[PDB]
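Consider the single chain below, provided in structure tokens and representing the form deposited in one PDB entry.
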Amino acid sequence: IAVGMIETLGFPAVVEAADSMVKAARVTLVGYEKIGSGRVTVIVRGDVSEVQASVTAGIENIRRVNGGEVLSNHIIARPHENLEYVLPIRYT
């Protein structure tokens, strides 16, 4: 099950990211990760083509946030099961 993630500077931009992602395709938002320096990431899971659709919509719609900025983004089609136990990418 693919994982998609968008990392933004600022929390309003991240919420737009999460909303746009779950709206644009059949993905589940499973998490929100703060790592400091104002950097925050939202994580979704779903079929690779859906997750690809989600992430693309996310990066575009953040342009509608005043003071919005995307710092990074990425999709992994088939994450190894080891990640599910160590990183916060898992269904809760």
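Note that the rigid core is defined as the largest set of C-alphas that superpose within 1.5 Å between two forms. Shifts are known only where both forms have a C-alpha. The first residue of the shown sequence is 1; numbering continues from there.
The form deposited in another entry is left out here; the points below concern that form.
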### Query
Taking the rigid core as the reference frame, is the Cα of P79 displaced by 2 Å or more between this form and the one not shown?
yes
### Query
Your call: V40 and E84 CA atoms, closer or farther in the other form versus the shown structure, by 3 Å or more?
farther
### Query
Shorter or longer C-alpha distance for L87 and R45 in the other form, given it differs from this form by 3 Å or more?
farther
### Task
Spell out which consecutive segments of 3+ residues have Cα shifts of at least 2 angstroms at every position between this form and the one not shown, with the rigid core used for superposition.
77-92
